[PDB]
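To start, the structure itself, in structure tokens.
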Amino acid sequence: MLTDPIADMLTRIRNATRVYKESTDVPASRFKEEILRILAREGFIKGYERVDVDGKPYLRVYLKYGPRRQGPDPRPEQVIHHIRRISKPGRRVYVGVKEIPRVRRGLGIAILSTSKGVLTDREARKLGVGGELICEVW
Amino acid sequence: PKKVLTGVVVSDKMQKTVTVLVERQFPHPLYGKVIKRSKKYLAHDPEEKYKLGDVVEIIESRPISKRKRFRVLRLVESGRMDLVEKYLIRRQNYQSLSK
Amino acid sequence: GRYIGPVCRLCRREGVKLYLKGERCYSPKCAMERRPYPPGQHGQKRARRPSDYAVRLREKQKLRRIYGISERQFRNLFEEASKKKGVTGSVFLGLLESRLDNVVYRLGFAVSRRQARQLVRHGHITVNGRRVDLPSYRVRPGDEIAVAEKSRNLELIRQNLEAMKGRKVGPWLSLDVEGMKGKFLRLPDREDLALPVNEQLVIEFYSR
Amino acid sequence: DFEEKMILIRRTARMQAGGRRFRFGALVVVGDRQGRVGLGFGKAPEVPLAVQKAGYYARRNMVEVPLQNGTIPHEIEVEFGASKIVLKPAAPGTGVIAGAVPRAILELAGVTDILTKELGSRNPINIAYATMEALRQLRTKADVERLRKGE
Amino acid sequence: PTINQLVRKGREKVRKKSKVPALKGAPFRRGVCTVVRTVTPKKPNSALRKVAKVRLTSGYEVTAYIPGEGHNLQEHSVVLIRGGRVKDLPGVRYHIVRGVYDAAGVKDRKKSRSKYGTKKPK
RNA sequence: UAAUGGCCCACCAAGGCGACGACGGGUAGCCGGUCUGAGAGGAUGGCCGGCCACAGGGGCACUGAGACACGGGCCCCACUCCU
RNA sequence: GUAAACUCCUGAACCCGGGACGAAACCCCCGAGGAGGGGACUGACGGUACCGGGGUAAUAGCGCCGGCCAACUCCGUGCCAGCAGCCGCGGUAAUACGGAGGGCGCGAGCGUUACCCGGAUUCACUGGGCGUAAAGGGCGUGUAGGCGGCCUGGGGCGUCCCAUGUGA
RNA sequence: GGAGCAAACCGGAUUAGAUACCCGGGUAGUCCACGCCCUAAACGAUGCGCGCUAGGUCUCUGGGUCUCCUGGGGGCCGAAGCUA
Ligand SMILES: [Mg+2]
Ligand SMILES: [Mg+2]
Ligand SMILES: [Mg+2]
Ligand SMILES: [Mg+2]
Ligand SMILES: [Mg+2]
Ligand SMILES: [Mg+2]
Ligand SMILES: [Mg+2]
Ligand SMILES: [Mg+2]
Ligand SMILES: [Mg+2]
Ligand SMILES: [Mg+2]
Ligand SMILES: [Mg+2]
Ligand SMILES: [Mg+2]
Ligand SMILES: [Mg+2]
Ligand SMILES: [Mg+2]
Ligand SMILES: [Mg+2]
Ligand SMILES: [Mg+2]
Ligand SMILES: [Mg+2]
Ligand SMILES: [Mg+2]
Ligand SMILES: [Mg+2]
Ligand SMILES: [Mg+2]
Ligand SMILES: [Mg+2]
Ligand SMILES: [Mg+2]
Ligand SMILES: [Mg+2]
Ligand SMILES: [Mg+2]
Ligand SMILES: [Mg+2]
Ligand SMILES: [Mg+2]
Ligand SMILES: [Mg+2]
Ligand SMILES: [Mg+2]
Ligand SMILES: [Mg+2]
Ligand SMILES: [Mg+2]
Ligand SMILES: [Mg+2]
Ligand SMILES: [Mg+2]
Ligand SMILES: [Mg+2]
Ligand SMILES: [Mg+2]
Ligand SMILES: [Mg+2]
Ligand SMILES: [Mg+2]
Ligand SMILES: [Mg+2]
Ligand SMILES: [Mg+2]
Ligand SMILES: [Mg+2]
Ligand SMILES: [Mg+2]
Ligand SMILES: [Mg+2]
Ligand SMILES: [Mg+2]
Ligand SMILES: [Mg+2]
Ligand SMILES: [Mg+2]
Ligand SMILES: [Mg+2]
Ligand SMILES: [Mg+2]
Ligand SMILES: [Mg+2]
Ligand SMILES: [Mg+2]
Ligand SMILES: [Mg+2]
Ligand SMILES: [Mg+2]
Ligand SMILES: [Mg+2]
Ligand SMILES: [Mg+2]
Ligand SMILES: [Mg+2]
Ligand SMILES: [Mg+2]
Ligand SMILES: [Mg+2]
Ligand SMILES: [Mg+2]
Ligand SMILES: [Mg+2]
Ligand SMILES: [Mg+2]
Ligand SMILES: [Mg+2]
Ligand SMILES: [Mg+2]
Ligand SMILES: [Mg+2]
Ligand SMILES: [Mg+2]
Ligand SMILES: [Mg+2]
């Protein structure tokens with residue numbers, strides 16, 4: 001019946017990038033819009049857009065990829081190979097700032113909602129804050 | 001500090017005593033998912049002012065029975081029968097798993 | 001004997017001489033010069049490919065016989081550098097090349113290192129002040145490795161120190177000559193001392 | 001300039017009316033030990049033929065590898081069909097702590113420090129294939145800042 | 001299972017059965033013989049193997065193997081068994097240590113000697 | 001009772017507890033730490049330091065600041081010797 | 001197998017000599033039974049530790065050697081005798097039995113048994129599965145529980161950060 | 001209640017034997033009322049709810065501008081992905 005909106009968003013993109021799409025939409029949320037914005041202003045995708053489908057709010061998320069390959073599979077390189085909820089409506093996952101995990105040894109990142117706002121690990125390392133672990137990405 | 005806990009009346013069938021449902025919660029020692037646990041406290045009531053379904057809260061104190069070690073510090077919420085209804089029901093279940 | 005037996009052979013198995021023996025193992029007469037092939041009722045026969053156990057081990061034993069020391073002693077020191085905050089390979093050597101019965105050696109006081117042990121366990125040496133006679137003394141940097149009295153005129157002292165006049169010793173142990181001494185300089189670098197052993201290999205064997 | 005390394009090599013059968021009729025296979029890698037590798041599986045009726053049949057095979061099929069100092073940058077893990085291999089980069093003076101087969105890759109790539117673990121089916125053939133596809137997917141701080149450095 | 005399911009029913013540790021129960025946590029138990037006889041191995045071997053029914057200190061009564069180049073043992077031999085199964089003798093899960101008690105170690109072995117109660121000869 | 005207490009009496013009310021496992025059975029002294037493992041976990045309490053409980057089994061009180069006391073007292077069982 | 005023999009050199013042991021630290025304070029006296037001050041007694045270990053001199057070539061074992069797993073030949077034997085942790089070896093050409101030659105590994109130890117974790121990502125939180133491999137309840141209704149969309153706003157139990165006590 | 005069929009049973013055959021397959025009989029039962037039983041290869045060997053990820057055609061049933069678009073069922077190929 002739709003348990004969690006965030007993971008569905010995070011997966012909506014996933015299905016859409018592996019079939020190499022232009023855009024995609026997602027039930028607009030003020031909170032969701034912050035996760036997107038991290039991913040957006042991380043350079044992880046092109047950007048989202050204040051869009052509106054059938055008088056119901058949505059966010060047209062514009063995707064990122066790479067150059068045509070050379071092999072028997074010209075199929076492009078990916079910009080965002082991996083993505084998954086760390087915390088889940090099943091079991092929530094809170095962490096201390098002493099226990100924030102490095103992602104792909106810094107290559108990729110992790111987002112987390114903190115008492116001040118949605119941040120990435122080193123952002124949240126710098127403000128020195130704990131929070132709910134929303135996702136790991138690279 | 002004397003510990004201060006918070007629960008719901010479920011018994012005023014006792015003279016000058018009330019039982020209260022001090023729920024509590026914490027994350028699981030291996031599985032992260034937080035869990036809620038419950039423990040009925042027998043709480044002394046000097047003039048049975050408090051009635052059923054009252055969300056009140058207790059106070060660590062000197063022993064005044066075999067089991068009473070707490071009193072009502074102060075009432076807060078009131079007429080919360082929905083909650084008594086959900087714990088009375090829990091017992092009502094019990095007479096059905098028997099053999 | 002616990003390790004005291006036939007020796008200029010071990011290398012025939014190792015396939016590379018430990019230059020072992022002392023003066024003899026420089027002479028066209030070393031077992032490995034004359035007859036270089038694994039000992040026993042074979043070895044003259046060919047060689048099946050060495051498996052990674054065979055491989056990782058046979059470099060360990062080399063290194064072990066380069067200091068002629070027991071495994072119980074050996075095992076300790078290795079594990080120690082893995083605990084010690086640093087690069088295990090280099091450091092492990094940094095303890096071996098620090099044993100007194102070895103420092104005596106590279107200071108040219110004694111011929112084959114096996115000889116050197118005896119001198120040690122006979123008080124013929126005194127680090128700084130009093131005499132030491134522990135083969136396994138982990139000598140420190142800045143220390144003063146000397147030579148005792150019922151010794152300072154004795155034969156092999158004279159004989160063997162004779163050759164060290166002219167000889168340039170390791171870049172980490174300034175030898176004074178005929179004054180019968182030398183100061184252990186810095187804890188010696190990896191590059192500083194060359195051995196016929198890729199030691200990284202010895203890391204793998206143990207850490208199995 | 002090159003370098004060989006002869007992994008597991010097997011006799012297999014093919015029952016025909018006459019008798020249990022045989023043939024051989026051969027797993028192998030070529031390596032330069034400074035950043036390139038290749039794996040090749042060769043099959044011919046004879047031991048050394050199929051061996052150096054995997055000769056050409058290992059050399060044509062190839063791939064780079066970004067060993068930083070003496071190790072990979074980001075660890076990854078790979079299920080190949082259903083045969084998983086993990087590999088975390090390691091601080092200097094650590095060494096090839098790895099299976100038989102994974103070792104064959106990483107020494108000929110030039111890798112020294114590396115910590116690994118085979119999961120799933122440890123059948124060596126696929127593990128090799130797994131470990132290759134693993135080394136295909138490695139990236140560097142530059143590799144990312146080309147696909148987040150948006151044109 | 002789901003984490004909640006997990007929270008509820010939980011994982012479950014499993015115990016190993018001690019394949020040498022007659023020991024009763026010991027390294028070896030003393031005992032006497034009641035019968036010394038020979039017995040054929042299962043498929044696919046064939047040879048008269050020498051065994052022994054041993055009535056124990058521990059109130060037990062178990063089967064044991066007699067390794068070696070022949071033996072002395074007869075019923076009422078004070079003896080000693082230690083853990084150790086024979087693969088092709090179904091049932092035997094204990095061996096008599098040669099050399100201790102009325103079961104003394106085999107004659108004229110020199111190779112692998114310590115495992116068979118023989119002293120060093122000179 | 002040094003002191004709160006069904007600790008124990010009296011008399012009154014009729015309640016207290018249980019699938020978040022009461023009640024019954026089996027097993028066990030607990031901890032600092034030890035062993036292991038990449039870890040998370042698993043296993044473990046002999047030396048040593050902290051707490052508990054007993055001194056052949058069971059009761060009981062006296063003395064005392066403190067005990068219901070190994071090398072104190074009383075009584076019952078078992079055991080050992082004196083007559 | 002430079003292994004020995006033999007040459008040369010050393011000098012464990014062993015005799016000798018000498019010989020501790022651990023012990024300064026209870027006490028006495030100046031003083032004020034106080035500070036401060038000064039004087040005196042006491043070592044079980046122990047003629048030990050040790051330092052000085054004389055000084056002799058002085059015990060080596062146990063495991064393994066088909067594969068995992070490093071290390072091979074000769075003989076005896078003929079599914080016997082036996083080995084073995086799994087796979088298995090032995091029925092007249094056995095690197096697997098027993099003797100040996102040699103080799104390998106540890107060395108005043110080497111084996112064996114027993115026990116704990118490990119390997120066992122084989123109870124999986126990290127870290128697994130359920131069409132055919134073991135695994136979806138025969139199907140519904142619903143109790144407890146678990147979980148749950150978007151937008152304000154209040155509290156701040158969870159969560160988070162700081163200081164702090166505590167964590168002998 | 002009982003027409004047909006039909007375990008059990010009977011006879012015939014077939015075979016070395018035939019308590020079987022094929023044949024001549026034949027009772028429970030198979031049908032009804034009410035009440036038990038509650039198993040199954042009770043299979044899609046695929047728990048239920050939701051959101052996402054190419055298309056090709058063959059139908060069943062709706063609404064329209066019954067063109068060929070818009071719903072809901074049922075089948076078959078097949079991108080991607082998964083799969084030992
Ligand atoms: Mg949610
Ligand atoms: Mg904010
Ligand atoms: Mg109580
Ligand atoms: Mg000698
Ligand atoms: Mg050797
Ligand atoms: Mg460090
Ligand atoms: Mg120099
Ligand atoms: Mg290790
Ligand atoms: Mg390890
Ligand atoms: Mg080339
Ligand atoms: Mg194989
Ligand atoms: Mg498997
Ligand atoms: Mg590149
Ligand atoms: Mg038989
Ligand atoms: Mg006899
Ligand atoms: Mg006899
Ligand atoms: Mg012998
Ligand atoms: Mg008292
Ligand atoms: Mg009272
Ligand atoms: Mg009355
Ligand atoms: Mg219980
Ligand atoms: Mg215990
Ligand atoms: Mg530890
Ligand atoms: Mg470990
Ligand atoms: Mg315990
Ligand atoms: Mg206490
Ligand atoms: Mg008692
Ligand atoms: Mg007491
Ligand atoms: Mg008392
Ligand atoms: Mg008392
Ligand atoms: Mg009596
Ligand atoms: Mg002399
Ligand atoms: Mg004496
Ligand atoms: Mg005085
Ligand atoms: Mg005085
Ligand atoms: Mg005396
Ligand atoms: Mg002499
Ligand atoms: Mg001599
Ligand atoms: Mg001699
Ligand atoms: Mg002689
Ligand atoms: Mg064996
Ligand atoms: Mg013959
Ligand atoms: Mg033959
Ligand atoms: Mg054979
Ligand atoms: Mg021999
Ligand atoms: Mg050892
Ligand atoms: Mg584990
Ligand atoms: Mg699996
Ligand atoms: Mg089937
Ligand atoms: Mg509910
Ligand atoms: Mg506030
Ligand atoms: Mg402080
Ligand atoms: Mg703290
Ligand atoms: Mg502390
Ligand atoms: Mg009919
Ligand atoms: Mg009829
Ligand atoms: Mg009818
Ligand atoms: Mg009808
Ligand atoms: Mg009826
Ligand atoms: Mg089923
Ligand atoms: Mg339902
Ligand atoms: Mg359809
Ligand atoms: Mg199909």
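Labels for the structure tokens follow display order: chains A, B, ..., residues from 1 in each chain, ligands from 1.
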Original post:
Mind listing the residues within 8 Å of ligand 44, only C-alpha atoms (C1' of nucleotides) and all ligand atoms counted, as a ChimeraX atom specification?
Top reply: /G:66,89,94,96
Subject >> Neighbourhood of ligand 11 at 10 Å, counting only C-alpha atoms (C1' of nucleotides) and all ligand atoms, reported as an NGL selection string >> reply: (:D and (8-10 or 124)) or (:G and (67-68))
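Where the distance criterion is 12 Å and the atoms used are only C-alpha atoms (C1' of nucleotides) and all ligand atoms, the residues close to ligand 20 are residues 10, 11, 12 and 13 of chain F.
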Subject >> Every residue of region 4-131 of chain A that DSSP places in strand (DSSP E), as a ChimeraX atom specification >> reply: /A:50-53,56-59,83-85,94-95,109-113,118-120,131
Since we have the selection now, will you write its residues out, keeping N, CA, C and O atoms, as a short mmCIF file (atom, residue, chain, number, x, y, z; two decimals), in the first residue's frame?
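Everything below was put into out.cif:
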data_model
loop_
_atom_site.label_atom_id
_atom_site.label_comp_id
_atom_site.auth_asym_id
_atom_site.auth_seq_id
_atom_site.Cartn_x
_atom_site.Cartn_y
_atom_site.Cartn_z
N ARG A 50 10.78 21.41 -10.23
CA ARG A 50 9.48 21.69 -9.67
C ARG A 50 8.41 21.43 -10.74
O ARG A 50 8.01 22.33 -11.47
N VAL A 51 7.97 20.17 -10.82
CA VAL A 51 6.98 19.79 -11.84
C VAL A 51 5.63 19.41 -11.22
O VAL A 51 5.50 19.18 -10.01
N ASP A 52 4.61 19.34 -12.07
CA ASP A 52 3.26 19.12 -11.59
C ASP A 52 2.45 18.26 -12.55
O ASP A 52 2.03 18.74 -13.61
N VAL A 53 2.22 17.00 -12.17
CA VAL A 53 1.47 16.02 -12.96
C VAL A 53 0.02 15.90 -12.54
O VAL A 53 -0.28 15.39 -11.46
N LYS A 56 -1.31 17.09 -9.24
CA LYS A 56 -0.65 16.48 -8.10
C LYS A 56 0.84 16.72 -8.24
O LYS A 56 1.40 16.51 -9.31
N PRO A 57 1.49 17.15 -7.16
CA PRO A 57 2.88 17.59 -7.26
C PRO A 57 3.84 16.43 -7.51
O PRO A 57 3.61 15.33 -7.01
N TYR A 58 4.91 16.70 -8.27
CA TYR A 58 5.92 15.69 -8.57
C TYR A 58 7.25 16.38 -8.83
O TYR A 58 7.29 17.60 -8.96
N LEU A 59 8.33 15.62 -8.91
CA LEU A 59 9.65 16.20 -9.22
C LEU A 59 10.31 15.50 -10.41
O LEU A 59 10.80 14.38 -10.28
N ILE A 83 22.84 2.43 -4.98
CA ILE A 83 21.94 3.20 -4.14
C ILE A 83 21.05 2.26 -3.34
O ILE A 83 20.50 1.30 -3.89
N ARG A 84 20.92 2.50 -2.03
CA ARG A 84 20.01 1.72 -1.20
C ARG A 84 19.73 2.40 0.13
O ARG A 84 20.58 3.13 0.65
N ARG A 85 18.55 2.16 0.67
CA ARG A 85 18.23 2.65 2.00
C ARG A 85 19.14 1.96 2.97
O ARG A 85 19.33 0.76 2.90
N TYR A 94 19.99 4.77 13.54
CA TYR A 94 20.55 6.01 14.05
C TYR A 94 22.02 5.79 14.34
O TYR A 94 22.43 4.68 14.70
N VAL A 95 22.83 6.83 14.15
CA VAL A 95 24.27 6.72 14.37
C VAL A 95 24.82 7.91 15.15
O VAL A 95 24.26 9.00 15.14
N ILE A 109 29.12 8.56 -1.27
CA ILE A 109 28.70 9.19 -0.03
C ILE A 109 27.51 8.53 0.60
O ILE A 109 26.93 7.58 0.06
N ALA A 110 27.16 9.07 1.75
CA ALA A 110 26.00 8.67 2.50
C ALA A 110 25.30 9.92 2.96
O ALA A 110 25.94 10.87 3.40
N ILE A 111 23.98 9.91 2.83
CA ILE A 111 23.19 11.00 3.35
C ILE A 111 22.61 10.60 4.67
O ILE A 111 22.50 9.42 4.98
N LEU A 112 22.24 11.59 5.46
CA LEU A 112 21.61 11.34 6.73
C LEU A 112 20.89 12.59 7.15
O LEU A 112 21.38 13.70 6.97
N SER A 113 19.69 12.41 7.69
CA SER A 113 18.96 13.52 8.27
C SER A 113 19.53 13.77 9.65
O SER A 113 19.65 12.85 10.45
N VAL A 118 19.29 17.64 6.53
CA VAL A 118 19.82 16.58 5.66
C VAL A 118 21.26 16.89 5.21
O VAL A 118 21.50 17.90 4.55
N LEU A 119 22.21 16.02 5.56
CA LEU A 119 23.60 16.26 5.18
C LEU A 119 24.26 15.02 4.61
O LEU A 119 23.69 13.92 4.62
N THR A 120 25.49 15.19 4.11
CA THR A 120 26.31 14.04 3.77
C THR A 120 27.32 13.83 4.90
O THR A 120 27.55 14.73 5.71
N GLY A 131 22.55 11.13 13.26
CA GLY A 131 21.29 11.17 12.53
C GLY A 131 20.77 9.84 12.01
O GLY A 131 21.32 8.79 12.34
#
**OP:** With only C-alpha atoms (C1' of nucleotides) and all ligand atoms counted, collect every polymer residue having an atom within 12 Å of ligand 33; state the result as a list in words.
**Re:**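 Residues satisfying the distance criterion: residues 13, 14, 15, 16, 47 and 48 of chain G.
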Would you mind exporting the chosen residues as a PDB file, in the first residue's frame, restricted to N, CA and C atoms (P, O5', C5', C4', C3', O3' and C1' of nucleotides)?
ATOM      1  P     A G  13      78.939 -22.565  34.523  1.00  0.00           P
ATOM      2  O5'   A G  13      79.010 -24.023  35.179  1.00  0.00           O
ATOM      3  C5'   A G  13      77.994 -24.992  34.955  1.00  0.00           C
ATOM      4  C4'   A G  13      78.565 -26.360  34.652  1.00  0.00           C
ATOM      5  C3'   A G  13      79.216 -27.099  35.808  1.00  0.00           C
ATOM      6  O3'   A G  13      78.267 -27.701  36.665  1.00  0.00           O
ATOM      7  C1'   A G  13      80.475 -27.401  33.800  1.00  0.00           C
ATOM      8  P     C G  14      78.517 -27.753  38.250  1.00  0.00           P
ATOM      9  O5'   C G  14      80.096 -27.917  38.403  1.00  0.00           O
ATOM     10  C5'   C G  14      80.678 -29.177  38.701  1.00  0.00           C
ATOM     11  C4'   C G  14      82.172 -29.058  38.846  1.00  0.00           C
ATOM     12  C3'   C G  14      82.665 -28.106  39.929  1.00  0.00           C
ATOM     13  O3'   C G  14      82.668 -28.695  41.223  1.00  0.00           O
ATOM     14  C1'   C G  14      83.840 -27.691  37.908  1.00  0.00           C
ATOM     15  P     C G  15      82.408 -27.799  42.539  1.00  0.00           P
ATOM     16  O5'   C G  15      83.864 -27.276  42.946  1.00  0.00           O
ATOM     17  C5'   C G  15      84.849 -28.167  43.463  1.00  0.00           C
ATOM     18  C4'   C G  15      86.238 -27.558  43.493  1.00  0.00           C
ATOM     19  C3'   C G  15      86.378 -26.218  44.197  1.00  0.00           C
ATOM     20  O3'   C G  15      86.508 -26.359  45.603  1.00  0.00           O
ATOM     21  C1'   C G  15      87.527 -26.160  42.122  1.00  0.00           C
ATOM     22  P     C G  16      85.944 -25.224  46.598  1.00  0.00           P
ATOM     23  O5'   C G  16      86.903 -23.973  46.351  1.00  0.00           O
ATOM     24  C5'   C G  16      88.288 -24.051  46.660  1.00  0.00           C
ATOM     25  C4'   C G  16      89.079 -22.932  46.025  1.00  0.00           C
ATOM     26  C3'   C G  16      88.767 -21.526  46.499  1.00  0.00           C
ATOM     27  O3'   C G  16      89.344 -21.229  47.751  1.00  0.00           O
ATOM     28  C1'   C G  16      88.987 -21.538  44.146  1.00  0.00           C
ATOM     29  P     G G  47      73.882 -20.714  53.831  1.00  0.00           P
ATOM     30  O5'   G G  47      74.933 -20.708  52.623  1.00  0.00           O
ATOM     31  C5'   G G  47      76.254 -20.174  52.777  1.00  0.00           C
ATOM     32  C4'   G G  47      76.633 -19.233  51.649  1.00  0.00           C
ATOM     33  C3'   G G  47      77.537 -19.811  50.544  1.00  0.00           C
ATOM     34  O3'   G G  47      77.191 -19.194  49.294  1.00  0.00           O
ATOM     35  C1'   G G  47      78.553 -17.915  51.468  1.00  0.00           C
ATOM     36  P     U G  48      77.526 -19.888  47.878  1.00  0.00           P
ATOM     37  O5'   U G  48      76.295 -19.467  46.947  1.00  0.00           O
ATOM     38  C5'   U G  48      75.144 -20.296  46.846  1.00  0.00           C
ATOM     39  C4'   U G  48      73.897 -19.507  46.538  1.00  0.00           C
ATOM     40  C3'   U G  48      74.027 -18.439  45.469  1.00  0.00           C
ATOM     41  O3'   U G  48      73.916 -18.983  44.172  1.00  0.00           O
ATOM     42  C1'   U G  48      72.808 -17.594  47.326  1.00  0.00           C
TER      43        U G  48
END
**OP:** Residues up to 10 Å from ligand 40, counting only C-alpha atoms (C1' of nucleotides) and all ligand atoms: could you list those as a list in words?
**Re:**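 What falls inside 10 Å of ligand 40 is residues 4, 5, 6 and 57 of chain G.
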Residues of the last selection are to be written out with N, CA, C and O atoms (P, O5', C5', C4', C3', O3' and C1' of nucleotides), as a PDB file, in the first residue's frame.
ATOM      1  P     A G   4      81.995 -31.960  11.118  1.00  0.00           P
ATOM      2  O5'   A G   4      82.622 -33.412  11.298  1.00  0.00           O
ATOM      3  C5'   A G   4      82.028 -34.340  12.188  1.00  0.00           C
ATOM      4  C4'   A G   4      82.562 -35.742  11.999  1.00  0.00           C
ATOM      5  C3'   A G   4      83.999 -35.999  12.428  1.00  0.00           C
ATOM      6  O3'   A G   4      84.128 -36.166  13.833  1.00  0.00           O
ATOM      7  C1'   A G   4      83.565 -37.062  10.344  1.00  0.00           C
ATOM      8  P     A G   5      85.378 -35.530  14.618  1.00  0.00           P
ATOM      9  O5'   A G   5      86.645 -36.267  13.973  1.00  0.00           O
ATOM     10  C5'   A G   5      86.842 -37.669  14.147  1.00  0.00           C
ATOM     11  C4'   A G   5      87.881 -38.241  13.202  1.00  0.00           C
ATOM     12  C3'   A G   5      89.275 -37.633  13.265  1.00  0.00           C
ATOM     13  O3'   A G   5      90.054 -38.165  14.326  1.00  0.00           O
ATOM     14  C1'   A G   5      88.602 -37.847  11.009  1.00  0.00           C
ATOM     15  P     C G   6      90.442 -37.260  15.601  1.00  0.00           P
ATOM     16  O5'   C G   6      91.461 -36.171  15.025  1.00  0.00           O
ATOM     17  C5'   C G   6      92.783 -36.539  14.668  1.00  0.00           C
ATOM     18  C4'   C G   6      93.317 -35.670  13.562  1.00  0.00           C
ATOM     19  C3'   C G   6      93.503 -34.201  13.900  1.00  0.00           C
ATOM     20  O3'   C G   6      94.691 -33.937  14.624  1.00  0.00           O
ATOM     21  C1'   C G   6      92.360 -34.372  11.863  1.00  0.00           C
ATOM     22  P     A G  57      89.110 -30.614  26.213  1.00  0.00           P
ATOM     23  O5'   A G  57      87.698 -31.319  25.943  1.00  0.00           O
ATOM     24  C5'   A G  57      87.538 -32.255  24.880  1.00  0.00           C
ATOM     25  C4'   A G  57      86.099 -32.385  24.440  1.00  0.00           C
ATOM     26  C3'   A G  57      85.906 -32.730  22.958  1.00  0.00           C
ATOM     27  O3'   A G  57      84.834 -33.669  22.725  1.00  0.00           O
ATOM     28  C1'   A G  57      84.779 -30.713  23.465  1.00  0.00           C
TER      29        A G  57
END
Output the neighbourhood of ligand 51 as a PDB file with C-alpha atoms (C1' of nucleotides), in the first residue's frame, that is, all protein and nucleic acid residues with some atom at most 12 Å from the ligand, counting only C-alpha atoms (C1' of nucleotides) and all ligand atoms.
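Output file part-v1.pdb follows:
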ATOM      1  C1'   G G 154       3.241  22.324  19.661  1.00  0.00           C
ATOM      2  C1'   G G 155       5.894  19.326  23.000  1.00  0.00           C
ATOM      3  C1'   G G 156      10.997  17.186  22.537  1.00  0.00           C
TER       4        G G 156
END
Subject >> Residue list for chain G near chain A as a ChimeraX atom specification, 10 Å, only C-alpha atoms (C1' of nucleotides) >> reply: /G:146-151,159-161
Original post:
What's the 9 Å shell around residue 206 (chain C), counting only C-alpha atoms (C1' of nucleotides), without same-chain residues fewer than 2 positions away, as a list in words?
Top reply: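 Contacts, with the query itself left out: residues 56, 57, 60, 75, 78, 79, 202, 203, 204 and 208 of chain C.
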Restricting it to N, CA and C atoms, dump the selection as a PDB file, in the first residue's frame.
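In the end it all went to selection26.pdb:
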ATOM      1  N   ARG C  56      55.941 -20.008  -0.315  1.00  0.00           N
ATOM      2  CA  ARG C  56      55.939 -19.036   0.782  1.00  0.00           C
ATOM      3  C   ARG C  56      56.812 -19.468   1.956  1.00  0.00           C
ATOM      4  N   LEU C  57      56.967 -20.778   2.112  1.00  0.00           N
ATOM      5  CA  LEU C  57      57.749 -21.355   3.203  1.00  0.00           C
ATOM      6  C   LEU C  57      59.247 -21.259   2.965  1.00  0.00           C
ATOM      7  N   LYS C  60      60.875 -18.336   3.860  1.00  0.00           N
ATOM      8  CA  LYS C  60      60.891 -18.158   5.309  1.00  0.00           C
ATOM      9  C   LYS C  60      62.131 -18.808   5.910  1.00  0.00           C
ATOM     10  N   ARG C  75      59.365 -16.613  15.442  1.00  0.00           N
ATOM     11  CA  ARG C  75      57.924 -16.380  15.397  1.00  0.00           C
ATOM     12  C   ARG C  75      57.544 -15.137  16.192  1.00  0.00           C
ATOM     13  N   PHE C  78      58.509 -11.673  14.585  1.00  0.00           N
ATOM     14  CA  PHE C  78      57.677 -11.356  13.433  1.00  0.00           C
ATOM     15  C   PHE C  78      56.356 -10.779  13.894  1.00  0.00           C
ATOM     16  N   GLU C  79      55.653 -11.544  14.717  1.00  0.00           N
ATOM     17  CA  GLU C  79      54.370 -11.117  15.231  1.00  0.00           C
ATOM     18  C   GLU C  79      54.515  -9.747  15.891  1.00  0.00           C
ATOM     19  N   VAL C 202      57.474 -13.743   3.209  1.00  0.00           N
ATOM     20  CA  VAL C 202      57.466 -14.340   4.541  1.00  0.00           C
ATOM     21  C   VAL C 202      56.263 -13.859   5.364  1.00  0.00           C
ATOM     22  N   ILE C 203      55.763 -12.675   5.020  1.00  0.00           N
ATOM     23  CA  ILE C 203      54.552 -12.151   5.634  1.00  0.00           C
ATOM     24  C   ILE C 203      53.370 -13.057   5.316  1.00  0.00           C
ATOM     25  N   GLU C 204      53.242 -13.426   4.042  1.00  0.00           N
ATOM     26  CA  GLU C 204      52.135 -14.259   3.585  1.00  0.00           C
ATOM     27  C   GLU C 204      52.147 -15.617   4.279  1.00  0.00           C
ATOM     28  N   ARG C 208      49.016 -16.979   7.034  1.00  0.00           N
ATOM     29  CA  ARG C 208      48.102 -18.022   6.579  1.00  0.00           C
ATOM     30  C   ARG C 208      47.106 -18.393   7.688  1.00  0.00           C
TER      31      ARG C 208
END
Original post:
Using only C-alpha atoms (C1' of nucleotides) and all ligand atoms, which protein or nucleic acid residues are at most 9 Å from ligand 7, as a count of residues only?
Top reply: 8
Taking a cut-off of 12 Å and counting only C-alpha atoms (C1' of nucleotides), can you build a table that, for each residue of region 1-36 of chain B near region 35-49 of chain F, reports the nearest atom pair and how far apart they are in Å (one decimal), sorted by chain then residue number, as JSON lines?
{"residue": "B:29", "atom": "CA", "partner": "F:40", "partner_atom": "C1'", "distance": 11.9}
{"residue": "B:30", "atom": "CA", "partner": "F:40", "partner_atom": "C1'", "distance": 9.3}
{"residue": "B:31", "atom": "CA", "partner": "F:40", "partner_atom": "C1'", "distance": 11.6}
